[PDB]
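Take a look at the structure tokens below, where one protein chain is shown in two forms, each on its own, as structure 1 and structure 2.
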Structure 1
């Protein structure tokens, strides 16, 4: 998160920290959020050989009794996820066991395909991503308020599609989601509407978020079958 503030510890109980092991190189991390006791929603580009989810955290390098760490047993990348168009950057993760719901660990619902969030309103995103182009990922969970922009604001992003993605962050400000925040949810009025997908390597807003509403049917299918 660029230009955000540290969250009040445990104020966003649905936040999930993902530690991903790549079939080949260094490990990496992403954000995500609990939509069911045993399911976490995140970005498809965050997939890997194996993933461990940590719930109930704030300072990810400091274990707390609120922590619930669970191994992912199944990765469900959207079938149409495309690395060229970067469309459908969404994925569901099934946890080895159901997490226990506590004040520090809770679920968040996903929106209906009929509910299309239009440009103009203010939302917020949280994450453990880098706080600058040359800064490491934040130890603590950060959050920032960002403006939902007209899709035209994201025309410089190849294949940007208003029906599938959200254009987030006023370009005349430096505040923005950034590397490491991927997979993390964008909340507008307390309801999840997007998933951090990608943006400029130089961290300049706006960034691209997956429009969650568009994938409700797909999400419900997976939940039904698992």
Structure 2
């Protein structure tokens, strides 16, 4: 998170920290969120050989009683996820066991929206991603308020599709989601509207978020069969 502020410890109980193991390299990380006691929603580009989830965390270097590190048994990437276009950047992770509900761990209902969130609306996103282009991932959970933009604002991302994605981040400001924040939910009015997906390597806003509403049926499908 760039230009954000550290969250009050455990104020975002649904936030998941993911450690991803790849085959030919060191581990990677992303965010994500608990939607069911045994299901975490995240970005497809965060897939790997195996993933371990940490719930109840604030400062990920110091373990505390709130921590619940859960094994992921299956990764359900969207069947249409395209690496080149980054379309359908959404993935579901089935946990080995159901998480315990505590003051630090809880689910975020994949909602019920009467109408789509209009541009101009200020939403917020949290993550442990880099806080700068050459800066490392944050130790603590950071949170920033971003403005939902008109799709024209993201035209420069040649594969950006208004129907599948959200354009977030006022280009006149520096605040933005960045590397490592992928999979984190974008909440507007207290409801998750998108998932951090991609942006510019130089961190200039806006960034592109996966529009959740569009995948609601696929998500349900997977939940119902597992």
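We call the rigid core whatever largest set of C-alpha positions still superposes within 1.5 Å between the two forms. Residue numbers count along the first chain shown, from 1. Residues that one form lacks are left out of the comparison.
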- Message: Which one moved? Candidates are 82, 107, 112, 100, criterion is a Cα shift of 2 Å or more between the two structures after superposing on the core.
- Response: 112
- Note on the structure: After superposing on the rigid core, the Cα of residue 158 moves between the two structures by an amount in angstrom of 1.9
- Enumerate, in order of sequence, every stretch of at least three consecutive residues present in both forms where each C-alpha is displaced by 2 angstroms or more between the two structures, superposition done on the rigid core. 111-118
